[PDB]
Structure formats: structure tokens, C-alpha cells
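This report refers to the structure that appears directly beneath it.
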Amino acid sequence: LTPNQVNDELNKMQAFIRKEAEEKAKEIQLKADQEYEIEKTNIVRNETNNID
Amino acid sequence: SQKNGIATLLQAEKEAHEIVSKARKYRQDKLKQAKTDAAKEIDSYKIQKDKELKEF
Amino acid sequence: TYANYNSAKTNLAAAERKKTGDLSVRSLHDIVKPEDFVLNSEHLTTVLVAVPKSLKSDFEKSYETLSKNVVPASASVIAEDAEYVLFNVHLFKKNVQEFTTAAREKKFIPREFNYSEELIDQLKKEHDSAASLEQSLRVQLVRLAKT
């Protein structure tokens with residue numbers, strides 16, 4: 001159509017992509033932190049069992 | 001053309017990728033530090049048990 | 001030898017049958033598609049062209065239209081042809097479903113080509129390779145058959 005709808009085409013797609021990327025990065029960081037905590041607990045349990 | 005929009009989107013994606021890599025590295029460093037702390041705690045527990053054995 | 005020459009000639013004819021853009025056959029060998037600003041996107045690669053039923057340079061303008069949200073792509077392009085309307089549109093795989101929807105919601109069916117530099121160069125040189133195969137088949141088989 002016409003380029004007169006710049007308000008939803010010039011930057012709306014960019015904002016949506018940036019929001020999706022930021023959400024994915026935040027979710028990945030949170031999941032990595034949770035997995036790191038779980039693995040740390042497991043390693044602590046294993047090391048404590050070996051030392052015991 | 002929307003060269004400004006293209007450049008903004010590309011820079012935003014690059015910054016997001018860099019932030020994701022930094023967050024992954026920070027999580028890995030936290031896991032490594034927690035593993036080191038767990039090993040130190042296990043060694044301290046073993047040392048306390050050895051001190052208890054020496055006291056015995 | 002005659003069969004090889006005929007096969008090389010058929011290959012050259014098939015290579016030349018590809019219309020240079022503005023139609024279902026692209027001009028990636030000698031067009032501005034791989035070198036356009038659509039080459040790489042933020043998280044995808046932009047590739048789109050059409051044979052518009054309205055006017056030439058329509059796919060360049062259509063990206064500037066509301067379709068720019070139908071795929072996170074935006075880029076300048078120099079694609080035109082008077083006889084058959086030629087242009088290039090912008091569409092990114094980050095909205096691959098929506099990008100395909102934007103490519104299909106028009107008078108032209110989806111039409112895109114490989115913008116990778118190595119693939120573009122290989123495709124461009126494939127025609128030269130077919131022509132060289134025909135020329136070498138001629139040079140060899142003609143002398144061999146004269147003998």
C-alpha cells in the first residue's frame with residue numbers, strides 16, 4: 001500500500017524484535033541461573049558425601 | 001528508504017546478542033564460583049572431621 | 001563426443017532460458033539483489049522480488065508500506081524494468097510466517113533468490129561454466145570428428 005503508516009511500520013517491527021530478543025535473553029539468563037544453582041546444590045551434595 | 005530503521009534493528013539485535021552472551025558467561029561464572037565454594041565447604045567439613053579425629 | 005556436445009549445448013540453452021529478473025526467473029547473476037541492502041537483517045536475511053501488475057518499483061515501495069511490520073525488514077533497492085515490472089521487496093525470516101504472508105498477499109506469488117555472495121557468484125559463474133562446456137565440447141569434438 002502507501003508508506004503513510006510509518007507509525008506502525010518504520011519502528012513497530014523493530015520494537016517487537018527488540019522486545020522478543022530482550023525477553024529471550026532474560027529467560028535464558030534466568031534459566032541459566034536456576035540451572036547453575038541446581039548444579040551447585042548437586043555438586044555440594046556430592047562433595048559432602050565424598051568427604052563424609 | 002528506512003535505513004535508520006534497519007540500522008536501529010540491527011544494532012538492537014547485536015546488543016541483545018551481546019547481553020545474552022554476557023548473561024550466559026555470568027551464569028557460568030556463578031556456577032563455577034558456587035562449585036568452588038562447595039568444594040571449599042566439603043574440604044572444611046573434612047578438616048573439621050580430621051580435627052575431631054585428632055581430638056579423639 | 002557428439003552426445004557430450006549436445007548435452008553441453010542443452011545446458012547452455014537451459015542457462016540462457018532463465019529470464020534476467022522481473023519474472024519467475026531471476027537475474028541474480030547480473031542483478032543488484034545479493035548486493036542490495038537487503039543482504040542481512042537484524043536476525044534474518046531479506047529477500048523478495050515480484051512482477052507487479054500495477055507498476056514497476058512496486059516491491060520497493062511495498063516494503064515502505066504497511067508490510068514493513070509483516071516482516072522485520074527495511075532496505076533500499078534499485079530494481080526496475082519497463083517491459084516487465086521489476087522491483088525488490090524486504091521480508092525477514094524473523095517473521096517467516098508473516099513474511100510469507102506478505103509475499104503471498106499480492107498479485108505476485110512468492111519469488112526470492114539466494115543473496116549469499118558465494119551462492120550468487122556460483123550461480124553467476126554457472127552460466128559461464130555451461131558456455132565454456134559448450135565451447136570446449138565444440139573445440140574437442142569438432143577436431144575429433146574431423147579426424
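A note on labels: chains of the C-alpha cells are A, B, ... as shown, every chain counts residues from 1, and ligands are counted from 1 in their shown order.
For chain C, the residues within 8 Å of chain B are residues 41, 42, 43, 64, 73, 74, 75 and 76 of chain C, with only C-alpha atoms used to measure distance.
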Would you write out, as JSON lines, a table of all residues in chain B that have an atom no more than 6 Å from an atom of chain A, listing for each the closest atom pair and the distance in Å to one decimal, considering only C-alpha atoms and ordering rows by chain and rising residue number?
```
{"residue": "B:9", "atom": "CA", "partner": "A:14", "partner_atom": "CA", "distance": 5.1}
{"residue": "B:20", "atom": "CA", "partner": "A:25", "partner_atom": "CA", "distance": 5.0}
{"residue": "B:23", "atom": "CA", "partner": "A:29", "partner_atom": "CA", "distance": 5.6}
{"residue": "B:27", "atom": "CA", "partner": "A:33", "partner_atom": "CA", "distance": 5.3}
{"residue": "B:31", "atom": "CA", "partner": "A:36", "partner_atom": "CA", "distance": 4.8}
{"residue": "B:34", "atom": "CA", "partner": "A:40", "partner_atom": "CA", "distance": 5.7}
{"residue": "B:35", "atom": "CA", "partner": "A:40", "partner_atom": "CA", "distance": 5.5}
{"residue": "B:38", "atom": "CA", "partner": "A:44", "partner_atom": "CA", "distance": 4.8}
{"residue": "B:42", "atom": "CA", "partner": "A:48", "partner_atom": "CA", "distance": 5.1}
{"residue": "B:46", "atom": "CA", "partner": "A:51", "partner_atom": "CA", "distance": 5.6}
```
Can you spit out the residues from that selection as a PDB file, in the first residue's frame, using N, CA, C and O atoms?
```pdb
ATOM      1  N   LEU B   9      17.349  -1.630  14.138  1.00  0.00           N
ATOM      2  CA  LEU B   9      17.014  -3.023  14.414  1.00  0.00           C
ATOM      3  C   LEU B   9      18.266  -3.888  14.496  1.00  0.00           C
ATOM      4  O   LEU B   9      18.388  -4.733  15.391  1.00  0.00           O
ATOM      5  N   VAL B  20      22.995 -11.326  25.934  1.00  0.00           N
ATOM      6  CA  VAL B  20      22.726 -12.739  26.186  1.00  0.00           C
ATOM      7  C   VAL B  20      24.025 -13.490  26.448  1.00  0.00           C
ATOM      8  O   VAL B  20      24.106 -14.324  27.359  1.00  0.00           O
ATOM      9  N   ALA B  23      25.251 -12.521  29.908  1.00  0.00           N
ATOM     10  CA  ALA B  23      24.460 -13.177  30.944  1.00  0.00           C
ATOM     11  C   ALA B  23      24.813 -14.653  31.061  1.00  0.00           C
ATOM     12  O   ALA B  23      24.891 -15.191  32.171  1.00  0.00           O
ATOM     13  N   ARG B  27      26.329 -16.398  34.364  1.00  0.00           N
ATOM     14  CA  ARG B  27      25.742 -17.586  34.976  1.00  0.00           C
ATOM     15  C   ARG B  27      26.765 -18.710  35.093  1.00  0.00           C
ATOM     16  O   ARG B  27      26.813 -19.414  36.109  1.00  0.00           O
ATOM     17  N   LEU B  31      28.095 -20.391  38.518  1.00  0.00           N
ATOM     18  CA  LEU B  31      28.127 -21.834  38.739  1.00  0.00           C
ATOM     19  C   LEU B  31      29.519 -22.299  39.147  1.00  0.00           C
ATOM     20  O   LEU B  31      29.665 -23.118  40.060  1.00  0.00           O
ATOM     21  N   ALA B  34      30.216 -21.130  42.700  1.00  0.00           N
ATOM     22  CA  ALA B  34      29.446 -21.929  43.645  1.00  0.00           C
ATOM     23  C   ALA B  34      30.032 -23.327  43.792  1.00  0.00           C
ATOM     24  O   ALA B  34      30.045 -23.885  44.893  1.00  0.00           O
ATOM     25  N   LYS B  35      30.521 -23.910  42.694  1.00  0.00           N
ATOM     26  CA  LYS B  35      31.190 -25.205  42.782  1.00  0.00           C
ATOM     27  C   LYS B  35      32.474 -25.106  43.596  1.00  0.00           C
ATOM     28  O   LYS B  35      32.784 -26.000  44.394  1.00  0.00           O
ATOM     29  N   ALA B  38      31.456 -24.880  47.165  1.00  0.00           N
ATOM     30  CA  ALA B  38      31.039 -26.195  47.639  1.00  0.00           C
ATOM     31  C   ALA B  38      32.240 -27.083  47.929  1.00  0.00           C
ATOM     32  O   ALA B  38      32.262 -27.802  48.935  1.00  0.00           O
ATOM     33  N   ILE B  42      33.240 -28.585  51.532  1.00  0.00           N
ATOM     34  CA  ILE B  42      33.479 -30.010  51.746  1.00  0.00           C
ATOM     35  C   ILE B  42      34.858 -30.233  52.352  1.00  0.00           C
ATOM     36  O   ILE B  42      35.032 -31.063  53.252  1.00  0.00           O
ATOM     37  N   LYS B  46      35.679 -31.864  55.949  1.00  0.00           N
ATOM     38  CA  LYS B  46      36.657 -32.934  56.117  1.00  0.00           C
ATOM     39  C   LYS B  46      37.745 -32.534  57.105  1.00  0.00           C
ATOM     40  O   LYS B  46      38.209 -33.360  57.894  1.00  0.00           O
TER      41      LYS B  46
END
```
Contacts of stretch 131-146 of chain C within 12 Å, only C-alpha atoms, excl. fewer than 5 positions in-chain, as a ChimeraX atom specification: /C:1-16,124-126
Please write the residues from the selection above to a file, keeping N, CA and C atoms, as a PDB file, in the first residue's frame.
```
ATOM      1  N   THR C   1      31.264 -38.285 -28.209  1.00  0.00           N
ATOM      2  CA  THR C   1      31.649 -36.879 -28.313  1.00  0.00           C
ATOM      3  C   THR C   1      30.477 -36.018 -28.771  1.00  0.00           C
ATOM      4  N   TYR C   2      29.710 -36.503 -29.751  1.00  0.00           N
ATOM      5  CA  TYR C   2      28.538 -35.761 -30.209  1.00  0.00           C
ATOM      6  C   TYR C   2      27.494 -35.649 -29.107  1.00  0.00           C
ATOM      7  N   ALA C   3      27.304 -36.719 -28.334  1.00  0.00           N
ATOM      8  CA  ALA C   3      26.372 -36.672 -27.214  1.00  0.00           C
ATOM      9  C   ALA C   3      26.821 -35.662 -26.168  1.00  0.00           C
ATOM     10  N   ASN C   4      28.123 -35.621 -25.877  1.00  0.00           N
ATOM     11  CA  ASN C   4      28.636 -34.643 -24.924  1.00  0.00           C
ATOM     12  C   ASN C   4      28.435 -33.220 -25.431  1.00  0.00           C
ATOM     13  N   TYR C   5      28.699 -32.990 -26.719  1.00  0.00           N
ATOM     14  CA  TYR C   5      28.487 -31.663 -27.287  1.00  0.00           C
ATOM     15  C   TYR C   5      27.017 -31.269 -27.228  1.00  0.00           C
ATOM     16  N   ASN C   6      26.122 -32.211 -27.533  1.00  0.00           N
ATOM     17  CA  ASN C   6      24.692 -31.929 -27.469  1.00  0.00           C
ATOM     18  C   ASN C   6      24.251 -31.632 -26.042  1.00  0.00           C
ATOM     19  N   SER C   7      24.779 -32.378 -25.069  1.00  0.00           N
ATOM     20  CA  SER C   7      24.443 -32.119 -23.674  1.00  0.00           C
ATOM     21  C   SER C   7      24.941 -30.749 -23.234  1.00  0.00           C
ATOM     22  N   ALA C   8      26.152 -30.374 -23.654  1.00  0.00           N
ATOM     23  CA  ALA C   8      26.676 -29.055 -23.316  1.00  0.00           C
ATOM     24  C   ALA C   8      25.839 -27.951 -23.951  1.00  0.00           C
ATOM     25  N   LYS C   9      25.421 -28.146 -25.205  1.00  0.00           N
ATOM     26  CA  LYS C   9      24.561 -27.166 -25.860  1.00  0.00           C
ATOM     27  C   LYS C   9      23.214 -27.058 -25.157  1.00  0.00           C
ATOM     28  N   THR C  10      22.653 -28.193 -24.734  1.00  0.00           N
ATOM     29  CA  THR C  10      21.397 -28.171 -23.991  1.00  0.00           C
ATOM     30  C   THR C  10      21.559 -27.442 -22.665  1.00  0.00           C
ATOM     31  N   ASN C  11      22.686 -27.659 -21.985  1.00  0.00           N
ATOM     32  CA  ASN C  11      22.951 -26.948 -20.739  1.00  0.00           C
ATOM     33  C   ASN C  11      23.054 -25.447 -20.975  1.00  0.00           C
ATOM     34  N   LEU C  12      23.744 -25.044 -22.044  1.00  0.00           N
ATOM     35  CA  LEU C  12      23.849 -23.623 -22.364  1.00  0.00           C
ATOM     36  C   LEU C  12      22.482 -23.028 -22.679  1.00  0.00           C
ATOM     37  N   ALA C  13      21.658 -23.765 -23.429  1.00  0.00           N
ATOM     38  CA  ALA C  13      20.315 -23.292 -23.748  1.00  0.00           C
ATOM     39  C   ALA C  13      19.468 -23.147 -22.491  1.00  0.00           C
ATOM     40  N   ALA C  14      19.553 -24.119 -21.581  1.00  0.00           N
ATOM     41  CA  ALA C  14      18.822 -24.019 -20.324  1.00  0.00           C
ATOM     42  C   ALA C  14      19.297 -22.835 -19.493  1.00  0.00           C
ATOM     43  N   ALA C  15      20.609 -22.598 -19.450  1.00  0.00           N
ATOM     44  CA  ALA C  15      21.136 -21.459 -18.706  1.00  0.00           C
ATOM     45  C   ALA C  15      20.636 -20.144 -19.290  1.00  0.00           C
ATOM     46  N   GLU C  16      20.636 -20.031 -20.617  1.00  0.00           N
ATOM     47  CA  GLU C  16      20.160 -18.825 -21.277  1.00  0.00           C
ATOM     48  C   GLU C  16      18.647 -18.665 -21.209  1.00  0.00           C
ATOM     49  N   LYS C 124      26.111 -17.150 -10.856  1.00  0.00           N
ATOM     50  CA  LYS C 124      26.516 -16.311 -11.980  1.00  0.00           C
ATOM     51  C   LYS C 124      27.542 -17.018 -12.854  1.00  0.00           C
ATOM     52  N   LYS C 125      28.489 -17.718 -12.235  1.00  0.00           N
ATOM     53  CA  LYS C 125      29.519 -18.427 -12.977  1.00  0.00           C
ATOM     54  C   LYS C 125      29.038 -19.757 -13.533  1.00  0.00           C
ATOM     55  N   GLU C 126      27.877 -20.252 -13.099  1.00  0.00           N
ATOM     56  CA  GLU C 126      27.349 -21.486 -13.670  1.00  0.00           C
ATOM     57  C   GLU C 126      27.002 -21.310 -15.143  1.00  0.00           C
TER      58      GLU C 126
END
```
Strand (DSSP E or B) residues, from DSSP on the backbone, in stretch 48-105 of chain C, as an NGL selection string: :C and (49-50 or 87-88)
Hey, can you spit out that residue selection with C-alpha atoms as a JSON list (two decimals), in the first residue's frame?
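So the final result, stored in result13.json, reads:
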```json
[["chain", "number", "residue", "atom", "x", "y", "z"],
["C", 49, "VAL", "CA", 11.01, -9.57, -5.60],
["C", 50, "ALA", "CA", 7.85, -9.52, -7.71],
["C", 87, "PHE", "CA", 11.31, -4.44, -8.06],
["C", 88, "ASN", "CA", 12.59, -5.89, -4.80]]
```
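The interatomic distance for the pair atom CA of residue C:37 and atom CA of residue C:129 works out to 28.4 Å.
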With chain A as the partner and 8 Å as the cut-off, tabulate the residues of chain C that qualify, each row holding the nearest pair of atoms and their distance in Å to one decimal, using only C-alpha atoms, sorted by chain and rising number, as a Markdown table.
```
| residue | atom | partner | partner_atom | distance |
| --- | --- | --- | --- | --- |
| C:61 | CA | A:3 | CA | 7.3 |
| C:62 | CA | A:1 | CA | 5.9 |
| C:64 | CA | A:3 | CA | 5.0 |
| C:65 | CA | A:3 | CA | 4.1 |
| C:66 | CA | A:9 | CA | 5.6 |
| C:67 | CA | A:9 | CA | 7.1 |
| C:68 | CA | A:9 | CA | 4.9 |
| C:69 | CA | A:13 | CA | 4.8 |
| C:70 | CA | A:13 | CA | 7.8 |
| C:71 | CA | A:13 | CA | 7.2 |
| C:72 | CA | A:13 | CA | 5.2 |
```
